[PDB]
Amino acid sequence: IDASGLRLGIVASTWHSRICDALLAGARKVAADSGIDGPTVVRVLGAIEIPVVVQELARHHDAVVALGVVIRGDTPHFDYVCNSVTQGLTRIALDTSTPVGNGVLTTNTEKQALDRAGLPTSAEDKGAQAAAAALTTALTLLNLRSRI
C-alpha cells in the first residue's frame, strides 16, 4: 500500500485493554508499512463511544479505522450494541464519503476476540485488516475523484 499523502484517523476503545491495544498495534503496523507513521489516534471507553469520534475524525481525515471489542455477556445488550455501532460506522462512511475500516470485534467469547486481535498467538489481525481496508479504499476514491 502506498499511502503517504493520506490523513488517517484511528479510534480505539479501551474496554478489554489487552485486546484493544493489540488491535491498535496492528492498525498502526499496517499504516506505518503504508507510509503513515503518525496517524491521529484517539481512545474512547467502550464500543458505544466509537461512532461519535469516528464521525469527528472522518470530517477531517481521508480514512478512519474503528477499533474495539464487544463480547457477549448475559443479556441482549450485546445484540443492540453490535447492531447499532456497526450501522453507525456504515452511516458515517456514507455521510462523510470517507472509508471507515471496521476492526470492532463482535464475539461470543473472549478467546474468539483474542484469536482475532493480532497477538503473537492469534489466527488473525483485525486491526491490520481494518487499516488495509480503510487505506486501500481511500486511495481508490482519490484515484476516482482525480478525473474528468
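In case it trips you up, residue 1 is the first one in the sequence shown, and so on.
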property: Mean C-alpha B-factor comparison - 95-103 and 116-124, higher one; result: 116-124
property: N83 by Cα B-factor - lowest, middle or highest third of the modelled chain; result: middle
property: Entry-reported Cα temperature factor of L57, expressed as the chain third it lands in; result: highest
property: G26 - Cα temperature factor, lowest/middle/highest third of chain; result: middle
property: Where the record places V44 (Cα B-factor, split into thirds across the chain); result: highest
property: CA B-factor placement of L67, once the chain's modelled residues are sorted into thirds; result: lowest
